[PDB]
Structure formats: C-alpha cells, structure tokens
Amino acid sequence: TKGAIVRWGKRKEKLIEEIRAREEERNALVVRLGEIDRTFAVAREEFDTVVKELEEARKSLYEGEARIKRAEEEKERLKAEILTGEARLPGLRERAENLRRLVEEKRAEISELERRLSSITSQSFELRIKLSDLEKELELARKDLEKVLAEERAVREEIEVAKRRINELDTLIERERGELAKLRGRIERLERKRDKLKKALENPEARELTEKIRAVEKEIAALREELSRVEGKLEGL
C-alpha cells in the first residue's frame, strides 16, 4: 500500500542514518588502533635495544669486579711480603752493629798482642799463633759484616719494589672502580627506560579497542541485515 511504502520508507532512512553513525564510530576506532599498533612497533624495537645494552653493561660490570678481586689478591700477597721483610730489619741492623763492634774489638786485640810481640822480641811463638788466629777472626767478622749489610740492603730494596707495585695496583683499582660507577649509572638509566617501555607495552588499550571494534562491527552487521529486509520489502511493494 501507499501508506506501507511511507512507513517502511521512514524505517529505511532511520536504518541508513544509524549505520552511517556506527560506521563513523568504527572508523575512528580503527584509526586510533592504527596509531597504537605503530607506537607498539616503535617501543618494541627500542625495548629490544635497551635490554641488549643492559646485558652488555652487566657483563662489563661483572668483568670489572673480577679484575678488581684479582688486583686485591695480588695486593695481599705483596703486603705479606712487605711485612715479612720488615720483621727482619731490626734483627739485621742489630747483627750489623754487633759485627762492627766485633771488628773494632779484634783490631784492638791485634794491636795489643802485636805490642807484646814487639816488646818481647822463646814463647813468642805462642803469641804469633794467637796473632794468626786473631787475624782469621777479624777477617771472618768483616766478611760477615759485608754479608749482613748486603742482605739488609736487599730486603729494603725488595720492600720498596713491593710498595711501588702496590701503589700501581691501587691506581689500577681506582680506574676500574671509576668505570664501575659509570656502569652503575648507565644501568640505572637503562633499567628505567626499559621499565617505561614495558609499561607502554602493557598499555593495554589496544585490546580495549579490538573488542569494542568487534562489538560495533557486530551491530553494523545487524543493522545491515534489517536494512536488507526493509529494502526487499520496499522493492516488492
């Protein structure tokens, strides 16, 4: 009927309008999601980079700590060498003083006994034997003194060398520690950037829009099905 043409026609125009509005909304949603997915591409590449760099930094940190431990074990060996050397020095200096004194003593004894041989000159032969014995003893005392003095000089030298090497090691350790502090800063900055990247990657509005787009598309489908029935009605009326 004419009246049914009018009524169904009014229904048709309403359906067309509502479909137009729903498809408008749906396109907007699709655009927004099309920006989110791009942001996730960018962020996921940066995240991959940053966790890589973070691995590199942690490896460098461990290696630096290991080099420091090696340097400090070497430092402790050298400290023990120095303490061992230093504990010998009072004894060596005592020996040297006593040997200088013994040397002077023997020289004076040789002078006195030579004086008696001078004054007397039968049993001066005994004094002459005593003389050669005093000469052997003085000679030995002098050779011992040379040996003690040389050994004290050698111990002092070896102490100085160990101390210089220890200073060297402390400078190496200071350099490593400076690098470790720089790496701890780099790691803190990387960890923070990485946590922000993860948080952006759990945003999670991407799914908030995927489900909503599913719904609005379902409703568009429903409206188009009613529209198709209404059209088929008007096309046979």
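The numbering used is simple: start at 1 and walk along the sequence shown.
Student: Could you tell me how many residues of the deposited sequence sit unmodelled between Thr121 and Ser122 (none, 1 to 3, 4 to 9, 10 or more)?
Tutor: The entry has a gap there, with 4 to 9 residues left out between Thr121 and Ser122.
Student: On mean C-alpha B-factor from the PDB entry, just flag whether 127 to 135 or 89 to 97 is the higher one.
Tutor: The deposited B-factors put 127 to 135 ahead on the C-alpha mean.
Student: Taking only the CA atoms, which stretch has the higher mean B-factor in the record, 12 to 20 or 213 to 221?
Tutor: Higher mean C-alpha B-factor in the PDB entry: 213 to 221.
Student: Reading the B-factor column of the entry, which of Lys198, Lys59, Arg186, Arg70 has the highest value at its C-alpha atom?
Tutor: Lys198 has the highest C-alpha B-factor of those listed.
Student: Whose CA atom has the top B-factor in the entry, of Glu63, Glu168, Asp37, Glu174?
Tutor: The C-alpha B-factor peaks, among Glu63, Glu168, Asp37, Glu174, at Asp37.
Student: How does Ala181 rank on Cα B-factor within its chain, lowest, middle or highest third?
Tutor: Middle third of the chain for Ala181's C-alpha B-factor.
Student: Quick check on the deposited entry: does the C-alpha B-factor of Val103 sit in the lowest, middle or highest third of its chain?
Tutor: Lowest third of the chain for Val103's C-alpha B-factor.
Student: Please place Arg156 in the lowest, middle or highest third of its chain by C-alpha B factor as given in the entry.
Tutor: It falls in the bottom third of the chain.
Student: Ranking the modelled residues of this chain by C-alpha B-factor as given in the entry, is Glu112 in the lowest, middle or highest third?
Tutor: Highest third of the chain for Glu112's C-alpha B-factor.
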